[PDB]
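Note that the protein sequences, when read in sequence, are chains Y and B.
Under full-length UniProt numbering, the residue at position 237 of the first sequence is numbered 238, and the numbers go up by one with no gaps.
Under full-length UniProt numbering, the residue at position 46 of the second sequence is numbered 47, and the numbers go up by one with no gaps.
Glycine included, every Cβ here is placed at the ideal spot set by N, Cα and C.
Reading through the structure tokens given below for one structure.
Number of protein chains: 2
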Amino acid sequence: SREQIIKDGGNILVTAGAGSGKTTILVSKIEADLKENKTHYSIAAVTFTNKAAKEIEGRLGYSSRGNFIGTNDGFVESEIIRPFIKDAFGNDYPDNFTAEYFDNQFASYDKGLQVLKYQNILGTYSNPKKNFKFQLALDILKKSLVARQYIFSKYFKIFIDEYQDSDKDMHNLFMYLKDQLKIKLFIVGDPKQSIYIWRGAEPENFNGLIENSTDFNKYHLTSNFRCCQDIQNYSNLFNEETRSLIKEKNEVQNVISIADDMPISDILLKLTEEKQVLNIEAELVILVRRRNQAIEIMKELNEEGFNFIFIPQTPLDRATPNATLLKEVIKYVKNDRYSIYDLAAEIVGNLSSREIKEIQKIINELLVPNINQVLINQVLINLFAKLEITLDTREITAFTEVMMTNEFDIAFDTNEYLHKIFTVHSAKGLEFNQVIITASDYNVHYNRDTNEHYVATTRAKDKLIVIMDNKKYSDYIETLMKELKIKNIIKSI
Amino acid sequence: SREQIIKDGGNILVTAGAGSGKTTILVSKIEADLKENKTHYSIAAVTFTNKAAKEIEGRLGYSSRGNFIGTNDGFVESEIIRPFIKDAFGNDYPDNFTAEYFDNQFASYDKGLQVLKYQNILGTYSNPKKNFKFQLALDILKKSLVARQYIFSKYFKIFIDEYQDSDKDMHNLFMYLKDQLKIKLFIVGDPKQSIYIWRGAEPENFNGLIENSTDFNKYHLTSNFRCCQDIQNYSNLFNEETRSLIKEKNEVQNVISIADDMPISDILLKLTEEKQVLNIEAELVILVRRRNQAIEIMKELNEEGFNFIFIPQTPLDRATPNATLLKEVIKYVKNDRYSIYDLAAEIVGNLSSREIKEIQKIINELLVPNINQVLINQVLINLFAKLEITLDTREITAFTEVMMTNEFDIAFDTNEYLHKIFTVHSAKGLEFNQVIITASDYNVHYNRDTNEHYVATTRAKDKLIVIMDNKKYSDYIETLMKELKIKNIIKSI
Numbered sequence: 002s003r004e005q006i007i008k009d010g011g012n013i014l015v016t017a018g019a020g021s022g023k024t025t026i027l028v029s030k031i032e033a034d035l036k037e038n039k040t041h042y043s044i045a046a047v048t049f050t051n052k053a054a055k056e057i058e059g060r061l062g063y064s065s066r067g068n069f070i071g072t073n074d075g076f077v078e079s080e081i082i083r084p085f086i087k088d089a090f091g092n093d094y095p096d097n098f099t100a101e102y103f104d105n106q107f108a109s110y111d112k113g114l115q116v117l118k119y120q121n122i123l124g125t126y127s128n129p130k131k132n133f134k135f136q137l138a139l140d141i142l143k144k145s146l147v148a149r150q151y152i153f154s155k156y157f158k159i160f161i162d163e164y165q166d167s168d169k170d171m172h173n174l175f176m177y178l179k180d181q182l183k184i185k186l187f188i189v190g191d192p193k194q195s196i197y198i199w200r201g202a203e204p205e206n207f208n209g210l211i212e213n214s215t216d217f218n219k220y221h222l223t224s225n226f227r228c229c230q231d232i233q234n235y236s237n238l239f240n241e242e243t244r245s246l247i248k249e250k251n252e253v254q255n256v257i258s259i260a261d262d263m264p265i266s267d268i269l270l271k272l273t274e275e276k277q278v279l280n281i282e283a284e285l286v287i288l289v290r291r292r293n294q295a296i297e298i299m300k301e302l303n304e305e306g307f308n309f310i311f312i313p314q315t316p317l318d319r320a321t322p323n324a325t326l327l328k329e330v331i332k333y334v335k336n337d338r339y340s341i342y343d344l345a346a347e348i349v350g351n352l353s354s355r356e357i358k359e360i361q362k363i364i365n366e367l368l369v370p371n372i373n374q375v376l377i378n379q380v381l382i383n384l385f386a387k388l389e390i391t392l393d394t395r396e397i398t399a400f401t402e403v404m405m406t407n408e409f410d411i412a413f414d415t416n417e418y419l420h421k422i423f424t425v426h427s428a429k430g431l432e433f434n435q436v437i438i439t440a441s442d443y444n445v446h447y448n449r450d451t452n453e454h455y456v457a458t459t460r461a462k463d464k465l466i467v468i469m470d471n472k473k474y475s476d477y478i479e480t481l482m483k484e485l486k487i488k489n490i491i492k493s494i
Numbered sequence: 002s003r004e005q006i007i008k009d010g011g012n013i014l015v016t017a018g019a020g021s022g023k024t025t026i027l028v029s030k031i032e033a034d035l036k037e038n039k040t041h042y043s044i045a046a047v048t049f050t051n052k053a054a055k056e057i058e059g060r061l062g063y064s065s066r067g068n069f070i071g072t073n074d075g076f077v078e079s080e081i082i083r084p085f086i087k088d089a090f091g092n093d094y095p096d097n098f099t100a101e102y103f104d105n106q107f108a109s110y111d112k113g114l115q116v117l118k119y120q121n122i123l124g125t126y127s128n129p130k131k132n133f134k135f136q137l138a139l140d141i142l143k144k145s146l147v148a149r150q151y152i153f154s155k156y157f158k159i160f161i162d163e164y165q166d167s168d169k170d171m172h173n174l175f176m177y178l179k180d181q182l183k184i185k186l187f188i189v190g191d192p193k194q195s196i197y198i199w200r201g202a203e204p205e206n207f208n209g210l211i212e213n214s215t216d217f218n219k220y221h222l223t224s225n226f227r228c229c230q231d232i233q234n235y236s237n238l239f240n241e242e243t244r245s246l247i248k249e250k251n252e253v254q255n256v257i258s259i260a261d262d263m264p265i266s267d268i269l270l271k272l273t274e275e276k277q278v279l280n281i282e283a284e285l286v287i288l289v290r291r292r293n294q295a296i297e298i299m300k301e302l303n304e305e306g307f308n309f310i311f312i313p314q315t316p317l318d319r320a321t322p323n324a325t326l327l328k329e330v331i332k333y334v335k336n337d338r339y340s341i342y343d344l345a346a347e348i349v350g351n352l353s354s355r356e357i358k359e360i361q362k363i364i365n366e367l368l369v370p371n372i373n374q375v376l377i378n379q380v381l382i383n384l385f386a387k388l389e390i391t392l393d394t395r396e397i398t399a400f401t402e403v404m405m406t407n408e409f410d411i412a413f414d415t416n417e418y419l420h421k422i423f424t425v426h427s428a429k430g431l432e433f434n435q436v437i438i439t440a441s442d443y444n445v446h447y448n449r450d451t452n453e454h455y456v457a458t459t460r461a462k463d464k465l466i467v468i469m470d471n472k473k474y475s476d477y478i479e480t481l482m483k484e485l486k487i488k489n490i491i492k493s494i
């Protein structure tokens, strides 16, 4: 498992999925290797977005080892291109160059050298599949002897995040550091095609390393690593592929089942005061299938003194290529404390201060109120035109609808609330500490809602409370408990 | 006189001529004002060529006052444009820009801003009469409040050398500092059209200040300021315009006349040992009209133990627009110790390191031996094409002829010799300490050689020795001594 992962000191290839399993293990693996190694060598972690680089830097702590934590583009720029470009190509080339991602697309590698030599800027390649900065960095290393000496002397291992999005030119540099410079590589990626890719992503180079590489040591990560063992056993029994991984335990305490005989508010009081299996001071969230089921529970609790705020699923809450970025644009529009730098951190690459000012100009048109649906669509196209990303028609309408109304404001609110209620689709992504669900929502016999039920069960982190509303739900438990000869998988009050 | 010049603390306009009178007074005026002023304000001296700026910095000494000594282009770049361009035009414009003089000519002021904003370089104007850097610097001062505050706070007086070569845009900035910022200006220039002009020179702006400016205080400099009073009196009596300025002295000791009765070498021994009016340890130089007259004197002295090296006038020794620069190109080719940076210092403006490497590439073709007359002409055109200067046909042939032969090598030699012999045209420029001439060379009755004789007399600095070979020469002295009632103007041995 994870203990076997961190012990390996060689080239490690990690398959990460379900989210957050990659980030926590990455930070723990980095800080553990820093404690083992006392020599002068440092580590280098590279992330596509600037937020992930800042997220890793905050958890690691002091970087007195000289460790580099930053963007993929910022790494090759500050460590390879800028220091040794004059050594590789002569004194004609500048080291005070400014890289602009959006401007100055060129057709050939020879053309881009002239933009850097004469126009004093570092422009991107026109083809999204070919990266000019990494082609330049790899070229500089082969031309410059000092460049190869410095990289070997500075870093002994390099950590790479989200490797499935790396392009071929970006992939060539990483393999060049491992094959020629003999630098250890810790690779984290998602083998599934998924929904999120960098504009020049090719999953085959990552998939090819899993199939034909003898140097790397392959590992895998559990999807529900953060969930406790008792919650994992209750979640995995509903899907046939997941039933094999769980192991039975002599005593089960985290998953509680209680039949709904008293009103909904009384069940909440019973679990909080009579058995104290749920703490009122800990965050508590309740699961529903539809928005109406959440409203009636929220209104029933306001009468009993319980205070709650309910997050609804927005039109943007849909598996689309630009869903993650579109939500961040909404968070910058809705919230005043959300800085433009926080929005730029979500954008791939380390944008310059001048490029940030141009993107800020496009979005400032959305900060004026009551300017109708047509202008919101053009600002959105103008925004994504600079990023060279086309926008889905339903993604545009979903973005527009959220901008018009204040209905989905708290779903993108920066503030955090202790007690909430969310829909199964509302928080498909984020995870909660303790969750209560009801059985009548999910049809378990024909597996229509088993995927929504599996998501519902995996959201809870410490304690999961299940209400046995449906007899067919309880029958599917008792039937499969006999197939697997499981005496206890649930704790009933 | 000069004592009246340095005492004035206001705006001073100086008319300088005959050479070297401008540089010595400029350094003395600067260091004297630094001693008078104890406050934090500094001075700023600007010269067109980098050699003149380095020449002033060496004589001044320590610049702990923060005084700026450099090029006109380097002044507006480091003090106005680079610090306050972002304040004047916004954060879009860079402060790490690189100015290239030869590349990126543009037609309109708006076009050059885009080259600086996007292409990150500072290019020159296509029209030689219009300067873009000074148009940019003046524009930045009007746009930026801090820029005006810094210039007033830093400098209380600004010294300007060779003002007749300043263009109109360069002239507008200097007047803007005097009229708006109320900064004292010490201006040195030559009112005569002369032979040497910067490619965008307009003498009218300098001439216009002499005619219509009430703020400036006009002054004049003597042509033979370095020569002693006795030598000045002997030189000025031959030309009618010059006879009025000299004043008689009761005793004359510097100008010696001796009739040539003994051989030439014996006259040299007689003056050195019998009267000791010439020191063998001091530099001694003899004047002739033709090259044959110098050879026979040089050969006659080698027999008597006297050792001499004779500098001949080169084909480049001719009043042409590019004579000064062409000689420096020869000095870089002939001498190995003469650095390429010394050649770049003679070029107008502060050339960048990359621009220096391109000029060095063009001249390196002349360093190979025996490559005939045709290739020398093309390298010369290629050299001056970068400087945007056309070359006279006779200037090209004069440059070529010197390159072929080693005959004129010592005339451009970096080494310096104590005892020499030079032609009247050989050292029309440089001045010598003690000079001996002969009377038979100059026809004084019809004033054919009075200009060459006046040059001959003005070369000597401390002691001048005249040989009375011609009776017509001595008669013209005695005749004019009676017209002016001068009892003594010459010391006869």
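Going by beta carbon distance, what residues of the same chain come within less than 7 Å of residue i, once the five residues before and after it are set aside?
i, result
"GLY62 (chain Y)", "none"
"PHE85 (chain Y)", "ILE141, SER145, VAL147, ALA148"
"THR325 (chain B)", "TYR197"
"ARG200 (chain Y)", "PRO129, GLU389, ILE390"
"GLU453 (chain Y)", "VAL425, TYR443"
"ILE287 (chain Y)", "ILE298, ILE422, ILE437"
"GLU305 (chain Y)", "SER266"
Taking residue i and residue j to be in contact with their CB atoms under 8 Å, please state how far apart those CB atoms are, rounded to whole angstroms.
i, j, result
"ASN12 (chain B)", "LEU186 (chain B)", "5 Å"
"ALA295 (chain B)", "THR424 (chain B)", "6 Å"
"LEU381 (chain Y)", "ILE397 (chain Y)", "6 Å"
"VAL77 (chain Y)", "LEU174 (chain Y)", "7 Å"
Among the options, which residue has its Cα nearest to the Cα of residue i?
i, options, result
"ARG460 (chain B)", "B:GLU284, B:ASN336, B:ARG355, B:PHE76", "B:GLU284"
"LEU137 (chain B)", "B:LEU327, B:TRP199, B:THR125", "B:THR125"
"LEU388 (chain Y)", "Y:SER224, Y:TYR102, Y:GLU80, Y:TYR342", "Y:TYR102"
"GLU163 (chain Y)", "Y:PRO192, Y:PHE153, Y:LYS155, Y:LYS179", "Y:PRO192"
"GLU203 (chain Y)", "Y:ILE188, Y:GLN233, Y:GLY10, Y:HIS172", "Y:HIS172"
"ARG291 (chain B)", "B:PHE433, B:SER441, B:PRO95", "B:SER441"
"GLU37 (chain Y)", "Y:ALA46, Y:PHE400, Y:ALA53, Y:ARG66", "Y:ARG66"
"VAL116 (chain B)", "Y:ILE341, Y:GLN120, Y:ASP180", "Y:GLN120"
Classify residue i: buried if its beta carbon has 16 or more other beta carbons within 10 angstroms, exposed otherwise.
i, result
"residue 521 (chain B)", "As shown, chain B starts at 2 and ends at 494. That puts residue 521 (chain B) outside it, with no answer to give."
"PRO370 (chain B)", "exposed"
"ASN416 (chain Y)", "exposed"
"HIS41 (chain Y)", "exposed"
"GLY190 (chain B)", "buried"
"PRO264 (chain B)", "exposed"
"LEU327 (chain B)", "buried"
"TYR94 (chain B)", "buried"
"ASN365 (chain B)", "exposed"
Kindly say whether residue i, judged by its beta-carbon, lies nearer than 8 Å to any beta-carbon of chain Y.
i, result
"residue 496 (chain B)", "Since the first residue of chain B shown is 2 and the last is 494, residue 496 (chain B) is not available in this structure."
"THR99 (chain B)", "yes"
Quick one: residues in its chain with C-beta nearer than 6 Å to the C-beta of residue i, no 5 flanking neighbours on either side, listed in chain order?
i, result
"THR439 (chain B)", "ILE468, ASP470"
"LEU352 (chain B)", "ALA345"
Just checking: is the beta-carbon of residue i within a distance shorter than 8 Å of some beta-carbon in chain B?
i, result
"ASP93 (chain Y)", "yes"
"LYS358 (chain Y)", "yes"
Beta-carbon within less than 8 Å of residue i's beta-carbon, same chain only, minus the 5 sequence neighbours each way: which residues are those?
i, result
"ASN323 (chain B)", "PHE385, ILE390, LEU392, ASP393, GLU396"
Practice task
Compile a chain-ordered list of the residues in the region 113-139 of chain Y whose CB is closer than 7 Å to at least one CB of chain A.
Solution key: In the displayed structure, chain A is absent; the protein chains listed are Y and B.
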